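Chain letters run A, B, ... following the sequence lines, proteins first, then strands; residues in each count from 1. All values below were derived from every heavy atom in this structure, side-chain atoms included, with hydrogens, water molecules and symmetry-related copies excluded.
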Amino acid sequence: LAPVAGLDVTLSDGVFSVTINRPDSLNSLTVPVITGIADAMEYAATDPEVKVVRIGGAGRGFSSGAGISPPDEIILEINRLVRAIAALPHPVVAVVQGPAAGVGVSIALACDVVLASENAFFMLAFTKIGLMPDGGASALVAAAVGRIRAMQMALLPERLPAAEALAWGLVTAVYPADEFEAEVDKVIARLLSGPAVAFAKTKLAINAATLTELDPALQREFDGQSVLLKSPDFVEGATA
Amino acid sequence: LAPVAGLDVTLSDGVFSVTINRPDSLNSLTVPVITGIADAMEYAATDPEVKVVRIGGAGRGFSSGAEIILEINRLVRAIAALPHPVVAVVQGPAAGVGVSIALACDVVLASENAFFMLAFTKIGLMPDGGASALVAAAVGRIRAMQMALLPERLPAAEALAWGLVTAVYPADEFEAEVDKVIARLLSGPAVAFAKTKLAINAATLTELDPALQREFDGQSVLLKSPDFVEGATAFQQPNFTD
Amino acid sequence: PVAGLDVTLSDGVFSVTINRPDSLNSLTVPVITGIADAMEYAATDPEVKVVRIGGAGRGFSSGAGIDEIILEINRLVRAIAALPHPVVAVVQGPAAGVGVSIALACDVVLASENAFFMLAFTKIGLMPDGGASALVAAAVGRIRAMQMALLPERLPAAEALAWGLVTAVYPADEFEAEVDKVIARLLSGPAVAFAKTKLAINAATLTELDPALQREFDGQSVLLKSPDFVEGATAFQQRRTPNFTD
């Protein structure tokens, strides 16, 4: 597997771990990073040494989203990345220690388990800069919290705090910020000692029932974002 | 756009507003005025100076609800397909299809004072307006059955906790908070909002159109059945047997 | 006529009560076959207006006792979803594994404050069956379904109400009387509006129930005849931590 700058990928004791490490950019994502994540997830599905996956961010925040600083390519890699999380025949754990915004939220909600810090908030930032949701957020969000709440995060984006995310059913768990790394470790270890084949078949089955709209949604997002990206309102969006 | 008795429609500042004005019926619905809402929503879909749509009711209540089915269905598909944010403004009770109209919208803003009730079943009918899908899509299947089979006035605050409503305000802050939200929408990117709303609807409302059809087929039968007669009558002044 | 299972019709009220209190209303194949047959019977019979499932004594059902088991689970679950009457689950205590699936296939779920829910399958090396891969998410959404399934915990009634998983919670000492009120109110309601209401919501929300049941069959078939299952059931029998290796 090829190494990628701003991204640490390690496999230890069946825990495939993928950490985005651009702590100066608040873990914003660039095409070659999105691409390495996609590659790693696709890789993880093929390696019989993998039992549990974990994706997270170093520093203060999980990810600020796609780097706001050819255009269709970013959308295609983001889509290829989400498909790969959703297909992966193991438990995927998103470790959300700080803020997650735009695509960061989508990546996390493509995952199977979402572990939040009291610190963390979530924001579907896209309309703030003249874009629409990406990475399947058109389905992934509503698949967890329902329609009205999805519509709300997307048209009236706001820093949704962890405690509220959990009460909406958007995250699996919230730990106090001083206990977070320890509680996350206990979750990974419980999963690591679980029935690997039953976990695989359970994750795939819930996803086949709850994500029948993922692919259609990725097709629309590609169609829609691709116009919005090459459009005037977004040039203004990125300026401010 | 033809003016319609019992309905006010305005295009001020890029804000398309539609208000049911029959505060004596508690904003009850008829063919002519349903038809009007429907026409106006279809109008607002292509008028290139519209940015945000707004449905609401005069006075105390939002709408107390009810051929009539078909025009309701046309109304609902028009909300769902409108390529702008449509906002439900619910200052007081919303009953029957009134609930369905509000839930078809994309943002539901509610007063401390507001209440939602799907009480078709009390009078021998089934839910309408796509409620057999719109409710579940927001709050899931178990809560949806509860409202349909065990109807109860659902105060705004619980509705919010469930997640069928976007926001609840105190009666005395209500209109001001509503206008901040509208104003917030007006400031936003109009094409990105249109694609966002339509994308989210395509993911969540795949069962809405078939639901409109099954409802039409079902009410049709139930509307010309004893249990409706008996149920309509016992509200006027029930013993159901079908 | 089935051992461990009482079926009764009253004044339009078809009760179905598992009676293996000793094992917390465990489910054998004969008995699963029974509830299934009973649910199918109740769709034909014009005297039936409301249907209640429950289990005797402390528990509701601890699920499958511890292949045809799955085919019949599936039959049962389809029979409940297809039933043109309100079907009520009366949960006075623990619900585990397919016990939960059965509850969640119902239309109305009434719980005691004593009750809890747990998708146990995974503690013993199985996947969710009985449509649980569709039915749980259909009520509470994907993140929560996945949590219950991958990190099973005893989810107490009251937290199940907040999630949207059940219709109502009652204090234990008030539970039986309250169930009765809800049953009677439904008895008094219009039967055909109810039937159509039920089926319309089911048809909008359970679009994936059938595909789920199929996947669950193909998946459990493999898992039940695997080494992780024996390790799990044994370890549960022994009140012991399992060591999985598959």
Side-chain angles (χ1 to χ4, degrees), chain A residues 6 20 22-31 33-34 57 59-75 77-78 98-108 120-135 137-138 141 150-161 220-240, chain B residues 12-15 48-53 83-85 87 106-107 166-167 176-200:
Chain A
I20 122 83
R22 285 158 46 90
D24 248 297
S25 326
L26 213 85
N27 290 336
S28 80
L29 300 162
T30 57
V31 173
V33 176
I34 298 306
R60 309 163 68 80
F62 177 89
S63 166
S64 55
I68 184 56
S69 208
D72 288 354
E73 303 202 47
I74 349 298
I75 306 158
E77 292 296 75
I78 290 169
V103 185
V105 182
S106 316
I107 298 314
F121 68 80
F122 298 85
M123 189 159 69
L124 284 196
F126 307 93
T127 50
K128 218 175 148 161
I129 50 159
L131 299 179
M132 81 187 288
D134 252 346
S138 286
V141 176
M151 265 315 342
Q152 174 178 343
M153 293 172 74
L155 303 178
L156 298 165
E158 284 174 356
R159 303 182 339 129
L160 177 79
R220 293 170 205 107
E221 287 163 9
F222 185 38
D223 300 350
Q225 199 79 303
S226 166
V227 170
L228 298 169
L229 267 170
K230 310 162 324 224
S231 276
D233 290 46
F234 161 74
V235 172
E236 261 27 73
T239 307
Chain B
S12 312
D13 213 305
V15 172
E49 310 223 330
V50 167
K51 297 288 192 158
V52 178
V53 185
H84 300 294
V87 189
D106 321 303
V107 171
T166 311
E177 295 283 60
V178 169
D179 299 344
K180 289 178 208 175
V181 172
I182 301 308
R184 187 160 146 67
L185 294 175
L186 281 166
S187 344
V191 182
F193 278 171
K195 304 290 193 49
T196 290
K197 185 250 207 202
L198 290 173
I200 292 177

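- Atoms CZ and CG, from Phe193(B) and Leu198(B) in turn, are 13.5 Å apart once rounded to the nearest 0.5 Å.
- Contact of the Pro85(B) side chain with the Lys197(B) side chain is not registered, since no non-hydrogen atoms from C-beta on lie closer than 4.5 Å.
- Across every non-hydrogen atom of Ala101(A) and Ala125(A), the tightest pair is CB-CB, 4.5 Å.
- Between the side chain of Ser226(A) and the backbone N or O of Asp223(A) there is no donor-acceptor pair closer than 3.5 Å.
- A 4.5 Å side-chain heavy-atom check between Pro99(A) and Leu26(A) finds at least one atom pair inside the cut-off.
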Q: In sequence, state the C-alpha distance, the side-chain angles, and the governing distance for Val181(B) and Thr166(B), and then conclude on side-chain contact (heavy atoms from CB on, under 4.5 Å).
A: CA-CA 11 Å; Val181(B) 172; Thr166(B) 311; over 6 Å; no
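- Proximity of a side-chain donor or acceptor of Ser106(A) to a complementary backbone N or O of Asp134(A) within less than 3.5 Å is detected.
- Note that CD of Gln152(A) is 10.5 Å distant from CG of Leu124(A), once rounded to the nearest 0.5 Å.
- Between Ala194(B) and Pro83(B), the shortest heavy-atom distance links the atoms CB-O, 3.2 Å.
- Residues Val105(A) and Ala100(A) share a closest heavy-atom pair of CG2-O, 3.5 Å.
- Closest heavy-atom contact between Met132(A) and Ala199(B): CE-CB, 3.5 Å.
- Side-chain contact check for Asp106(B) versus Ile200(B): every heavy-atom pair is 4.5 Å or farther apart.
- Other residues, nucleotides and ligands place more than 12 heavy atoms under 6.0 Å from the CZ atom of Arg184(B).
- For the pair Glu221(A) (side chain) and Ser138(A) (backbone), a donor-acceptor distance under 3.5 Å is present.
- Annotation for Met123(A) and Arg159(A): closest pair SD-N, 3.9 Å, computed over non-hydrogen atoms.
- Side-chain atoms of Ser63(A) come within 3.5 Å of backbone atoms of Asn27(A) as a donor-acceptor pair (strictly under, hydrogens ignored).
- To the nearest 0.5 angstrom, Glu158(A) atom CD is 9.5 Å from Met153(A) atom CE.
- Between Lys128(A) atom NZ and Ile68(A) atom CD1 the span is 11.0 Å, to the nearest 0.5 Å.
- The shortest side-chain heavy-atom distance between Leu228(A) and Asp233(A) does not fall under the 4.5 Å cut-off.
- In this structure, CG on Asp72(A) lies 8.0 Å from CG on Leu229(A), to the nearest 0.5 angstrom.
- Contact record, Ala192(B) with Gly130(A): CB-O, 3.3 Å, taken as the closest heavy-atom pair.
- The OG1 atom of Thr196(B) lies 9.0 Å from the CG atom of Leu131(A); values are rounded to the nearest 0.5 Å.
- Between the side chain of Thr127(A) and the backbone N or O of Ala154(A), at least one donor-acceptor pair lies under 3.5 Å.
- Between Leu156(A) and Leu185(B) there is a side-chain heavy-atom pair separated by less than 4.5 Å.
- At a threshold of 4.5 Å between non-hydrogen side-chain atoms, the residues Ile20(A) and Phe62(A) do not count as touching.
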